[PDB]
Amino acid sequence: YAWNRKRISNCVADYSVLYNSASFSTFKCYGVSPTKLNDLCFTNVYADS
Amino acid sequence: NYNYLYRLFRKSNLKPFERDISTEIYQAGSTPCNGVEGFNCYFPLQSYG
């Protein structure tokens, strides 16, 4: 009920490690794709745990 | 009636008036998908609900 929300900025939101990492098994992007994520920018990302 | 299928993954968008009947397993990453499965390997065909 107290899930955090960390606004991310002034730092590159690298995602290659996610692709490189083999620990993750399920990874679905229903709005974008990793292929076009290279040339696609997001205003800000909130890390909610 | 689930006899109706559709393709969900492709290397590239097919040209107009092209029929695709390929059934090879789709690999999300660059690593080869040997055998019938592999890392993030899924069947590209899904039935209609």
# chains A, B, ... in the order shown; residues from 1 in each chain; ligands from 1
call {"tool": "interface_residues", "arguments": {"of": "chain A", "to": "chain B", "cutoff": "9 Å", "atoms": "only C-alpha atoms", "output": "JSON, numbers by chain"}}
result
{"A": [19, 22, 25, 26, 27]}
call {"tool": "residues_around", "arguments": {"residues": "residue 2 of chain B", "least_positions_apart": "4", "cutoff": "7 Å", "atoms": "only C-alpha atoms", "output": "short mmCIF file (atom, residue, chain, number, x, y, z; two decimals) with N, CA and C atoms, in the first residue's frame"}}
result
data_model
loop_
_atom_site.label_atom_id
_atom_site.label_comp_id
_atom_site.auth_asym_id
_atom_site.auth_seq_id
_atom_site.Cartn_x
_atom_site.Cartn_y
_atom_site.Cartn_z
N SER B 47 -4.23 -18.47 -31.63
CA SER B 47 -5.60 -18.62 -32.07
C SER B 47 -6.43 -17.40 -31.66
N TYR B 48 -7.61 -17.30 -32.25
CA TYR B 48 -8.55 -16.23 -31.95
C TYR B 48 -9.57 -16.72 -30.93
N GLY B 49 -9.78 -15.92 -29.89
CA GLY B 49 -10.74 -16.27 -28.86
C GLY B 49 -12.16 -15.92 -29.24
#
call {"tool": "residues_around", "arguments": {"residues": "residue 6 of chain A", "least_positions_apart": "3", "cutoff": "12 Å", "atoms": "only C-alpha atoms", "output": "VMD selection string"}}
result
chain A and resid 3 9 44 to 49
call {"tool": "write_last_selection", "arguments": {"atoms": "C-alpha atoms", "output": "JSON list (two decimals), in the first residue's frame"}}
result
[["chain", "number", "residue", "atom", "x", "y", "z"],
["A", 3, "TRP", "CA", 4.61, 1.47, -3.17],
["A", 9, "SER", "CA", 16.24, 11.91, -14.79],
["A", 44, "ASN", "CA", 10.50, 10.34, -17.52],
["A", 45, "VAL", "CA", 10.22, 6.89, -15.95],
["A", 46, "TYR", "CA", 8.91, 6.12, -12.46],
["A", 47, "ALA", "CA", 10.31, 3.05, -10.71],
["A", 48, "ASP", "CA", 7.38, 1.63, -8.73],
["A", 49, "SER", "CA", 8.14, -1.25, -6.36]]
call {"tool": "residues_around", "arguments": {"residues": "segment 5-10 of chain B", "least_positions_apart": "5", "cutoff": "10 Å", "atoms": "only C-alpha atoms", "output": "PyMOL selection string"}}
result
chain B and resi 20-23+25-28+42-49
call {"tool": "select_by_dssp", "arguments": {"residues": "chain A", "states": "strand (DSSP E)", "output": "list in words"}}
result
residues 6, 7, 8, 45, 46 and 47 of chain A
call {"tool": "atom_distance", "arguments": {"atom1": "atom CA of residue 29 of chain A", "atom2": "atom CA of residue 24 of chain B"}}
result
21.9 Å
call {"tool": "atom_distance", "arguments": {"atom1": "atom CA of residue 34 of chain A", "atom2": "atom CA of residue 13 of chain B"}}
result
16.1 Å
call {"tool": "atom_distance", "arguments": {"atom1": "atom CA of residue 15 of chain A", "atom2": "atom CA of residue 34 of chain B"}}
result
25.7 Å
call {"tool": "residues_around", "arguments": {"residues": "residue 14 of chain A", "least_positions_apart": "6", "cutoff": "12 Å", "atoms": "only C-alpha atoms", "output": "short mmCIF file (atom, residue, chain, number, x, y, z; two decimals) with N, CA, C and O atoms, in the first residue's frame"}}
result
data_model
loop_
_atom_site.label_atom_id
_atom_site.label_comp_id
_atom_site.auth_asym_id
_atom_site.auth_seq_id
_atom_site.Cartn_x
_atom_site.Cartn_y
_atom_site.Cartn_z
N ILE A 8 13.00 9.34 -12.53
CA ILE A 8 14.33 9.11 -13.07
C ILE A 8 14.64 10.22 -14.07
O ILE A 8 13.85 10.48 -14.98
N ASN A 20 20.63 -8.01 -22.13
CA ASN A 20 21.78 -8.88 -21.92
C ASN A 20 21.52 -9.88 -20.81
O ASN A 20 21.89 -11.06 -20.92
N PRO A 34 11.49 -3.26 -28.16
CA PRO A 34 12.91 -2.98 -27.90
C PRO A 34 13.66 -2.52 -29.13
O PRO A 34 14.59 -1.72 -29.01
N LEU A 37 13.01 0.99 -29.41
CA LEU A 37 13.33 1.71 -28.18
C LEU A 37 14.68 2.41 -28.27
O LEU A 37 14.94 3.33 -27.50
N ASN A 38 15.54 1.98 -29.20
CA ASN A 38 16.84 2.63 -29.35
C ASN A 38 16.69 4.09 -29.76
O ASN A 38 17.38 4.96 -29.23
N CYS A 41 12.43 8.01 -27.21
CA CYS A 41 12.75 8.68 -25.95
C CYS A 41 11.50 8.83 -25.10
O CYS A 41 10.40 9.07 -25.63
N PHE A 42 11.66 8.68 -23.79
CA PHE A 42 10.57 8.83 -22.84
C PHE A 42 10.86 10.03 -21.94
O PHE A 42 12.00 10.23 -21.51
N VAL A 45 10.62 8.24 -16.35
CA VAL A 45 10.22 6.89 -15.95
C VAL A 45 10.17 6.84 -14.43
O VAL A 45 11.09 7.32 -13.76
#
call {"tool": "select_by_dssp", "arguments": {"residues": "chain A", "states": "alpha helix (DSSP H)", "output": "PyMOL selection string"}}
result
chain A and resi 16-20+34-37
call {"tool": "write_last_selection", "arguments": {"atoms": "N, CA, C and O atoms", "output": "mmCIF file, in the first residue's frame"}}
result
data_model
loop_
_atom_site.group_PDB
_atom_site.id
_atom_site.type_symbol
_atom_site.label_atom_id
_atom_site.label_comp_id
_atom_site.auth_asym_id
_atom_site.auth_seq_id
_atom_site.Cartn_x
_atom_site.Cartn_y
_atom_site.Cartn_z
ATOM 1 N N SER A 16 20.064 -2.091 -22.023
ATOM 2 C CA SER A 16 20.817 -3.183 -22.631
ATOM 3 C C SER A 16 21.036 -4.315 -21.637
ATOM 4 O O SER A 16 20.925 -5.494 -21.992
ATOM 5 N N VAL A 17 21.340 -3.975 -20.383
ATOM 6 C CA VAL A 17 21.564 -5.001 -19.369
ATOM 7 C C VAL A 17 20.333 -5.886 -19.234
ATOM 8 O O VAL A 17 20.441 -7.104 -19.051
ATOM 9 N N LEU A 18 19.143 -5.290 -19.319
ATOM 10 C CA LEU A 18 17.919 -6.082 -19.297
ATOM 11 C C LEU A 18 17.910 -7.089 -20.438
ATOM 12 O O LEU A 18 17.641 -8.278 -20.234
ATOM 13 N N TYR A 19 18.210 -6.627 -21.653
ATOM 14 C CA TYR A 19 18.323 -7.541 -22.784
ATOM 15 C C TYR A 19 19.480 -8.513 -22.588
ATOM 16 O O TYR A 19 19.343 -9.715 -22.844
ATOM 17 N N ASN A 20 20.629 -8.009 -22.133
ATOM 18 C CA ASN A 20 21.783 -8.876 -21.917
ATOM 19 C C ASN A 20 21.516 -9.884 -20.807
ATOM 20 O O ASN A 20 21.891 -11.057 -20.922
ATOM 21 N N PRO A 34 11.486 -3.257 -28.158
ATOM 22 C CA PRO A 34 12.908 -2.982 -27.900
ATOM 23 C C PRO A 34 13.661 -2.523 -29.133
ATOM 24 O O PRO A 34 14.591 -1.716 -29.015
ATOM 25 N N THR A 35 13.288 -3.016 -30.316
ATOM 26 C CA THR A 35 14.010 -2.652 -31.530
ATOM 27 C C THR A 35 13.945 -1.151 -31.781
ATOM 28 O O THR A 35 14.961 -0.522 -32.101
ATOM 29 N N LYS A 36 12.762 -0.560 -31.639
ATOM 30 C CA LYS A 36 12.583 0.873 -31.826
ATOM 31 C C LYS A 36 12.772 1.665 -30.539
ATOM 32 O O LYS A 36 12.704 2.897 -30.572
ATOM 33 N N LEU A 37 13.006 0.993 -29.410
ATOM 34 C CA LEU A 37 13.333 1.706 -28.183
ATOM 35 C C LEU A 37 14.681 2.406 -28.274
ATOM 36 O O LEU A 37 14.939 3.333 -27.499
#
call {"tool": "decode", "arguments": {"residues": "chain B", "atoms": "C-alpha atoms", "output": "compact mmCIF listing (two decimals), in the first residue's frame"}}
result
# COMPACT_ATOMS: atom_id res chain seq x y z
CA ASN B 1 -14.18 -21.60 -32.81
CA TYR B 2 -10.40 -21.31 -32.51
CA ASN B 3 -9.64 -22.52 -36.05
CA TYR B 4 -8.84 -18.90 -36.97
CA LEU B 5 -5.15 -18.09 -36.51
CA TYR B 6 -2.89 -15.08 -36.99
CA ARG B 7 0.82 -14.26 -37.09
CA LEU B 8 2.18 -12.16 -34.21
CA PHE B 9 5.93 -11.93 -34.92
CA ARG B 10 7.83 -11.31 -38.14
CA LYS B 11 11.31 -10.26 -39.20
CA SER B 12 9.86 -7.34 -41.17
CA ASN B 13 6.50 -6.04 -42.33
CA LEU B 14 5.26 -8.01 -45.32
CA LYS B 15 4.77 -6.29 -48.66
CA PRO B 16 1.21 -5.67 -49.90
CA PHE B 17 -0.66 -8.75 -51.10
CA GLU B 18 1.80 -11.25 -49.63
CA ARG B 19 0.83 -14.59 -48.10
CA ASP B 20 2.99 -15.86 -45.23
CA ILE B 21 2.67 -19.45 -44.02
CA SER B 22 5.98 -19.84 -42.20
CA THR B 23 5.79 -21.70 -38.89
CA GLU B 24 9.37 -21.42 -37.60
CA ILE B 25 9.70 -20.53 -33.93
CA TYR B 26 10.36 -16.84 -33.33
CA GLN B 27 13.44 -15.75 -31.39
CA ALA B 28 13.25 -12.44 -29.54
CA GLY B 29 17.04 -12.04 -29.32
CA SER B 30 20.04 -12.49 -31.58
CA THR B 31 21.16 -15.82 -30.14
CA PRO B 32 20.09 -18.78 -32.33
CA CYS B 33 17.00 -20.77 -31.37
CA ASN B 34 18.12 -24.33 -32.02
CA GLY B 35 15.72 -27.22 -31.67
CA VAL B 36 12.07 -26.49 -30.96
CA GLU B 37 12.71 -23.89 -28.24
CA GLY B 38 15.27 -21.46 -26.88
CA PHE B 39 15.85 -18.29 -24.92
CA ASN B 40 12.68 -16.20 -25.27
CA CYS B 41 11.49 -18.50 -28.07
CA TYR B 42 7.74 -18.57 -28.66
CA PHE B 43 5.39 -19.80 -31.36
CA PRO B 44 4.43 -16.86 -33.62
CA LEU B 45 0.90 -18.19 -34.24
CA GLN B 46 -1.95 -17.67 -31.76
CA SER B 47 -5.60 -18.62 -32.07
CA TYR B 48 -8.55 -16.23 -31.95
CA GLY B 49 -10.74 -16.27 -28.86
